[PDB]
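Heads up: the protein sequence lines correspond to chains A, B, C and D, in order.
Sequential numbering of the first sequence, starting at 77, is according to the numbering used here.
Sequential numbering of the second sequence, starting at 77, is according to the numbering used here.
Sequential numbering of the third sequence, starting at 77, is according to the numbering used here.
Sequential numbering of the fourth sequence, starting at 77, is according to the numbering used here.
I have placed the structure first, in the form of structure tokens, so that the comments after it can refer back to it.
There are 4 protein chains.
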Amino acid sequence: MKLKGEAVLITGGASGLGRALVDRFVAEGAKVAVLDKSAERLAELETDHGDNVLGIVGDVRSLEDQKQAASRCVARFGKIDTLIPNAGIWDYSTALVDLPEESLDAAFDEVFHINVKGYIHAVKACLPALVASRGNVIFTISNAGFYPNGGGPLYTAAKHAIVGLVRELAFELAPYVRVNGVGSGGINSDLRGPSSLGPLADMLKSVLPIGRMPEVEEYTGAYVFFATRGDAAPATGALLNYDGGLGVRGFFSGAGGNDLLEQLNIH
Amino acid sequence: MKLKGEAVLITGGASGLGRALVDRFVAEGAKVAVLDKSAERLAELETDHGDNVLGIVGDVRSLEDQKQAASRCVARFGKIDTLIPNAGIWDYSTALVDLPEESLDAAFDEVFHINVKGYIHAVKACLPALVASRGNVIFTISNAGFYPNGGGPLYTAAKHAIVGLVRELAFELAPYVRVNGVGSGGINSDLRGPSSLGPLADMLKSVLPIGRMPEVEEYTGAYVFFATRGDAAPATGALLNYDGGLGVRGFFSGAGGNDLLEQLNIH
Amino acid sequence: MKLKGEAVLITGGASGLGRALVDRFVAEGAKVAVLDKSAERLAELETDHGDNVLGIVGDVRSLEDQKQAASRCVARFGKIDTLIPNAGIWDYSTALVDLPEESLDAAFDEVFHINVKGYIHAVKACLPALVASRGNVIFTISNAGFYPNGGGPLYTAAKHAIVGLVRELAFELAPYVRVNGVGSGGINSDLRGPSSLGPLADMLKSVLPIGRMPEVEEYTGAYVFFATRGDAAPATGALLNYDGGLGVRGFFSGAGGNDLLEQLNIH
Amino acid sequence: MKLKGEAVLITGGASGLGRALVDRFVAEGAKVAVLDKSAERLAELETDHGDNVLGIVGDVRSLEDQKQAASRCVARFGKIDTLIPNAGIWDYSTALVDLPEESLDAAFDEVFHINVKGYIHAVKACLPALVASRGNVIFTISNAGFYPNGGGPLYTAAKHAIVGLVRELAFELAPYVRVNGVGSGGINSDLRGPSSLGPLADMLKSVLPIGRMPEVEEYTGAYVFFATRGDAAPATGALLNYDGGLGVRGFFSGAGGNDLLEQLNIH
Ligand SMILES: NC(=O)c1ccc[n+]([C@@H]2O[C@H](COP(=O)([O-])OP(=O)(O)OC[C@H]3O[C@@H](n4cnc5c(N)ncnc54)[C@H](O)[C@@H]3O)[C@@H](O)[C@H]2O)c1
Ligand SMILES: NC(=O)c1ccc[n+]([C@@H]2O[C@H](COP(=O)([O-])OP(=O)(O)OC[C@H]3O[C@@H](n4cnc5c(N)ncnc54)[C@H](O)[C@@H]3O)[C@@H](O)[C@H]2O)c1
Ligand SMILES: NC(=O)c1ccc[n+]([C@@H]2O[C@H](COP(=O)([O-])OP(=O)(O)OC[C@H]3O[C@@H](n4cnc5c(N)ncnc54)[C@H](O)[C@@H]3O)[C@@H](O)[C@H]2O)c1
Ligand SMILES: NC(=O)c1ccc[n+]([C@@H]2O[C@H](COP(=O)([O-])OP(=O)(O)OC[C@H]3O[C@@H](n4cnc5c(N)ncnc54)[C@H](O)[C@@H]3O)[C@@H](O)[C@H]2O)c1
Numbered sequence: 077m078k079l080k081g082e083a084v085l086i087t088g089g090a091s092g093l094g095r096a097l098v099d100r101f102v103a104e105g106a107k108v109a110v111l112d113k114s115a116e117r118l119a120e121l122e123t124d125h126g127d128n129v130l131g132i133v134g135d136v137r138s139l140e141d142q143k144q145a146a147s148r149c150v151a152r153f154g155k156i157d158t159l160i161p162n163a164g165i166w167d168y169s170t171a172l173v174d175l176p177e178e179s180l181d182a183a184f185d186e187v188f189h190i191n192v193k194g195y196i197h198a199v200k201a202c203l204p205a206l207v208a209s210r211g212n213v214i215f216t217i218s219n220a221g222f223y224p225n226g227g228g229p230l231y232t233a234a235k236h237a238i239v240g241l242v243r244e245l246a247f248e249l250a251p252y253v254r255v256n257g258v259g260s261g262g263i264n265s266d267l268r269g270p271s272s273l274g275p276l277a278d279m280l281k282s283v284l285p286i287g288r289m290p291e292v293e294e295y296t297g298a299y300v301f302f303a304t305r306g307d308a309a310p311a312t313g314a315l316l317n318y319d320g321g322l323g324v325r326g327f328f329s330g331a332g333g334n335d336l337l338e339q340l341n342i343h
Numbered sequence: 077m078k079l080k081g082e083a084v085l086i087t088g089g090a091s092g093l094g095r096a097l098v099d100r101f102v103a104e105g106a107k108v109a110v111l112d113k114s115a116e117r118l119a120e121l122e123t124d125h126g127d128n129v130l131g132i133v134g135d136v137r138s139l140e141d142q143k144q145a146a147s148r149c150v151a152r153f154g155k156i157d158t159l160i161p162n163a164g165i166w167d168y169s170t171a172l173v174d175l176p177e178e179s180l181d182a183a184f185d186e187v188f189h190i191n192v193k194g195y196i197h198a199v200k201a202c203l204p205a206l207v208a209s210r211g212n213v214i215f216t217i218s219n220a221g222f223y224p225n226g227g228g229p230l231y232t233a234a235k236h237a238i239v240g241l242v243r244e245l246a247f248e249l250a251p252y253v254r255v256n257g258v259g260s261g262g263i264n265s266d267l268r269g270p271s272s273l274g275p276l277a278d279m280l281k282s283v284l285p286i287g288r289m290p291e292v293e294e295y296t297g298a299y300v301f302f303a304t305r306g307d308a309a310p311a312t313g314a315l316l317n318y319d320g321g322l323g324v325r326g327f328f329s330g331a332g333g334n335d336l337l338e339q340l341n342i343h
Numbered sequence: 077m078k079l080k081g082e083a084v085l086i087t088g089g090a091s092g093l094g095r096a097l098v099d100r101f102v103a104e105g106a107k108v109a110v111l112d113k114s115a116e117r118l119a120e121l122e123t124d125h126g127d128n129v130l131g132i133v134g135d136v137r138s139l140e141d142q143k144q145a146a147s148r149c150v151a152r153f154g155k156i157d158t159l160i161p162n163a164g165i166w167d168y169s170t171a172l173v174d175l176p177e178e179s180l181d182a183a184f185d186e187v188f189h190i191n192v193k194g195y196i197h198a199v200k201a202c203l204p205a206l207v208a209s210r211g212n213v214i215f216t217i218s219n220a221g222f223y224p225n226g227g228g229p230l231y232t233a234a235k236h237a238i239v240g241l242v243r244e245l246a247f248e249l250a251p252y253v254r255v256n257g258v259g260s261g262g263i264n265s266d267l268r269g270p271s272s273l274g275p276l277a278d279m280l281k282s283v284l285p286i287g288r289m290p291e292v293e294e295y296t297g298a299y300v301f302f303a304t305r306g307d308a309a310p311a312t313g314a315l316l317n318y319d320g321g322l323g324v325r326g327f328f329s330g331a332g333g334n335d336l337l338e339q340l341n342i343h
Numbered sequence: 077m078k079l080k081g082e083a084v085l086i087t088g089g090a091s092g093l094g095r096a097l098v099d100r101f102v103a104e105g106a107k108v109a110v111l112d113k114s115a116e117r118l119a120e121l122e123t124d125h126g127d128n129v130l131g132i133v134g135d136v137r138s139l140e141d142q143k144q145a146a147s148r149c150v151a152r153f154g155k156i157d158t159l160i161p162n163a164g165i166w167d168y169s170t171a172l173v174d175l176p177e178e179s180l181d182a183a184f185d186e187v188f189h190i191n192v193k194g195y196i197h198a199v200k201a202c203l204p205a206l207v208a209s210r211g212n213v214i215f216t217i218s219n220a221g222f223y224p225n226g227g228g229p230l231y232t233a234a235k236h237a238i239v240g241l242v243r244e245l246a247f248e249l250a251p252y253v254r255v256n257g258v259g260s261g262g263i264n265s266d267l268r269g270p271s272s273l274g275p276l277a278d279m280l281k282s283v284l285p286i287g288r289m290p291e292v293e294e295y296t297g298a299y300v301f302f303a304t305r306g307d308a309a310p311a312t313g314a315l316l317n318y319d320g321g322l323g324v325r326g327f328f329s330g331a332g333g334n335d336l337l338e339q340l341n342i343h
């Protein structure tokens, strides 16, 4: 239990990676406040964890919902140690040529309001509390914040924008708050596309050096690491690629050592 | 005259770096179409260059103004070889803690609609023409797309977003259109801040390795290079840091060799 | 005890960061084999940890000493799960202009043989064992592998070379062995300079965003993370900057939020 | 003729990319001194260019040969404006598992002495002249200095080491000398492998976004750009990826827009 007594606020924690994070942080001894728009999924979370979790129904695009989540977390758990802005929506890799002219403006706002402005509002709302606890922020980025072909122009630009948030907020909030970003890979979640615009495992296993798409729980360890003051004190402004090795894949094969057992005579 | 007969479309070309680019590209033999919201400054440009330039008054946030600029450029000059999305607004380095809650939503849209959506709309509007000419796109980024302290969270995230546009559009438009980004530094322009939120040379000379802030005309050579098919054919998805060396400055001094003349006995 | 029953081989583990790593990994339940040239310091380590550690006196530049360390680790502890090539020497930030012509060749070999070839030999020697255990390699890099002014040309080029080892070996050894690199910062160790060429805390606290130079034990958490199969399975080819935020420091100040308590009225 | 009256020194200029560079720089009006070990190829160069070129037979691993090249260039052409360290040898992508134990030490020195130490010696020898002319250094790197699978561990680590030279020497030689690096791609040259260890176009066209391997002359434009004081004054410490887009290639296809003509109805 590395995070006993710590309080953590997670946006988009009712499903997918966010939900795995709530489960992992509770197992590490933390209390977790979650801001999510789905009342039903938040109810499930409260059923499973009881008073180890606090559900706040609200939209990340709303600074007022964000401030309500922060004040309720402070009221219930006394502080906010770690903030994990994670809620997001994908653009279903719609290429530029396939983005319809009539909804490009609306899709731009949907994607950027959720994925980028929602991240800024979480930090703005929790700032006073994070400074008081000398806490930290861990942004969920994705391989889309580093390499192409993880989404179309909208999602790729929005996730690259979060790299800029990591660097600029690591500078601005130092020396009180540490700010780091996790470049997580593909997950079998319920990630939705933009309303404005109306397999993963098998496709990707040939391009990932690790040779398999990780389960959603295998992506929680990096967040625990960055949230641990005793292990991550020198980490601020860090960007951890954590997607199975997409950035080091080969030209013609994902992995270059599929034949290592045979080459070294291991059995 | 490296670009004789080439046609170039520049957004935000009526002032500052954009205007220097128009002057340089005309001097290289190109015809230049400019999309800018300032009627008055566009008039000045037309006075100076005559029919080597074409002024289109319009907003980069409007896909219809962008499409009007592209069709007028094609009508007048027959094609579009190079597109340079460059219009932008700064956030006056307003830190997160100083961004007022009541105008954060509006400032987010002003900054992102101009600096990011305006860049996407320029490419969307000029796509058919760029594919026909096997042309290229050169985005104006800034040191703010790479390092902190070049603006607050809004401008730093928006310029980092353009790095994502470079990578994703270089992939998507290959092999027909090359897409590259220029990380230009500080200029003595008329760069304005957000309406929503209501020296440079002397401050920065101690932190720049080159020891002086470059004149606006010294930043035009990199664009000419990327627009030259005979010199930049292997360049796609490239990001050129071009800001005086901010990224390689030292810990305690901008430059590490201020004493080299004395150390080597040069006079 | 996150690494109970794991076996770890550390080069240069008798002093400084290496020694802190041995202490931390033993505390996490691992058995640790150490390859170091100092017989005396290895004796101290064996005194402190008894049969939780194994000392092998040898030079990292010698492939035969490296192979002896690997076979002794396998003989004693049955396997090798994690390999941490860490031994190194600094160049005392001797700039290019100050490197004497008469010893430049010798200094080049001393620095590169230890810091780079020593890392390749450790992986070559432990390869068969790492493939059998599906283990991982964690290279100690430094801020010198990312930014200037952490050493002169020799040390900066040698540490940047290790970034190339991370990427190329992450590709080549996948999908069996994960390869990651830690960009650790300044430590109060006994790091020596090159024989060929014959404060830290107080100097650096004004340039580090965290505002203090971390103790040597605060740099061990990132290695434990990467060595934990249950937390770092998606991490291969990763480079973690872990130096107090040097890469996100400001232009005129290390940290941009020294006044946050006063600005937010915290007491 | 962008470089009339400029003097340029190129190492490894008698063949492949180096030779194309000599041809291009002479065509731009420069005088070029070349340091190469091949007497025969240097003779050919002198036959083709006459007294626009100066051939110095010598080894880049020898600081004395390097100093002889620099003093002869200064004697003949009066100065040294641009220095282009370019000589190199490949490792034939020999993976770590295939590197023989008995020649690993010798191969390490052959590769690093030529590719890395040869680059340091060129700058050391030409330093006084570069400071006097406020000149610049352009290192030939390669895609191997950025991504895996461009060579084995030795060549990939050596080319990544040159990125460290770019950053550290850009800092140390500022504000007098600009230092930049070109990440050139695959060429149909006579690049040899290590003596110690005893198609390209067709293989790579499916992974390059541009869809073809560039001719050797198409890689010379970036060097001319960086050597032009009037166009590259703000460029120092820059790293230009220039390899056909390897870094932005897709997961399943090199280019993502092979069908753009059909999708946009162009003919
Ligand atoms: N699934 C993938 O392949 C993947 C890959 C990489 C990175 N990511 C990123 O991981 C993060 C989590 O995505 P996920 O896969 O877990 O998706 P998910 O859809 O399962 O989870 C998103 C959660 O955010 C909540 N949410 C969505 N919009 C909201 C809004 N406006 N206000 C409040 N809550 C809102 C949803 O209700 C949901 O509970 C996102 O940032 C996503 O971009 C996902
Ligand atoms: N000035 C600097 O220090 C600096 C530094 C780095 C990068 N940049 C970038 O360089 C680019 C040019 O900025 P600049 O310094 O030349 O500024 P500038 O203000 O002089 O030029 C901006 C031009 O864009 C036009 N413009 C602004 N908003 C518009 C809109 N909505 N629609 C159409 N046209 C619009 C303006 O009328 C003006 O002519 C921008 O992307 C900016 O972010 C500037
Ligand atoms: N001290 C710093 O500021 C610092 C900063 C960043 C990164 N680093 C890196 O951390 C790693 C550890 O350095 P440190 O500070 O702990 O230094 P240190 O001198 O205290 O430890 C180096 C250890 O390596 C052993 N060693 C040296 N040469 C050897 C050889 N040829 N063969 C076998 N063993 C040998 C030494 O005997 C010693 O026990 C190195 O890679 C160094 O580059 C150090
Ligand atoms: N060919 C490729 O695919 C390729 C790809 C990317 C980068 N590069 C790089 O481009 C640069 C030029 O390589 P190239 O393709 O033109 O190869 P090349 O073999 O045709 O040219 C190398 C030149 O260097 C000279 N040389 C070699 N060792 C020398 C030494 N010890 N002293 C003096 N001169 C020496 C050779 O005689 C030759 O004239 C190298 O740095 C190489 O790493 C090559």
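Backbone N, C-alpha and C fix where the C-beta goes; we use that ideal spot for every residue, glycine too.
In this structure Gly320(D) is in contact with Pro310(B), their Cβ atoms being roughly 5 Å apart against a cut-off of 8 Å.
Proximity of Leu93(C) to chain A, defined by a Cβ-Cβ separation below 9 Å, is not satisfied. Residue contact with chain D for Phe184(C): present (Cβ-Cβ distance below 9 Å to some residue of chain D). When C-beta atoms of the stretch 249-261 of chain A are compared with those of the stretch 171-188 of chain A, fewer than three pairs fall below 8 Å, so the two segments do not count as touching. Boundaries of the beta strand (DSSP E) harbouring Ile214(C): 212-216, taken from the DSSP string. For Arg254(A), the enclosing beta strand (DSSP E) begins and ends at 254-260.
Looking from the CA of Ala205(C), the closest CA among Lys78(C), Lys155(C), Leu315(C), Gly88(C) belongs to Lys155(C). Here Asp124(D) is exposed. Its C-beta has fewer than 16 other C-beta atoms within 10 Å. For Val110(B), the enclosing beta strand (DSSP E) has its first and last residue at 107-112. Fewer than three pairs of CB atoms, one per stretch, sit closer than 8 Å, so the stretch 323-339 of chain A makes no contact with the stretch 124-141 of chain A.
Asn317(C) is bridged by DSSP to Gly259(C).
Every unbroken stretch of the alpha helix (DSSP H) spanning 4 or more residues and falling wholly within the stretch 281-334 of chain D is given here in chain order: 297-303, 305-308.
Going by DSSP, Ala83(A) is part of no alpha helix (DSSP H) but of the beta strand (DSSP E) stretching over 83-87. Setting aside the 5 residues that flank it on each side, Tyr252(B) is surrounded in the same chain by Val207, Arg210, each with a C-beta closer than 7 Å to its C-beta; the list follows chain order. The three-state reading of DSSP puts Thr123(D) in helix, counting H, G and I together. The nearest non-hydrogen atom of ligand 1 is 8 Å or more from the C-beta of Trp166(D). DSSP places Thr170(B) in the coil class of the three-state scheme, outside both helix and strand. Taking the Cα of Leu249(C) as reference, the smallest distance to any Cα among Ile286(A), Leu111(A), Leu159(A) is reached at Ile286(A). Its chain contains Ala201 as the residues whose beta carbon lies nearer than 7 Å to that of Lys143(C), once the 5 sequence neighbours on both sides are disregarded; these appear in chain order. Note on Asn225(C): 16 or more other CB atoms within 10 angstroms of its CB, so buried under the neighbour-count rule. Across the stretch 204-216 of chain B, CB contacts with chain D closer than 9 Å involve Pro204, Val207, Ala208, in sequence order along the chain.
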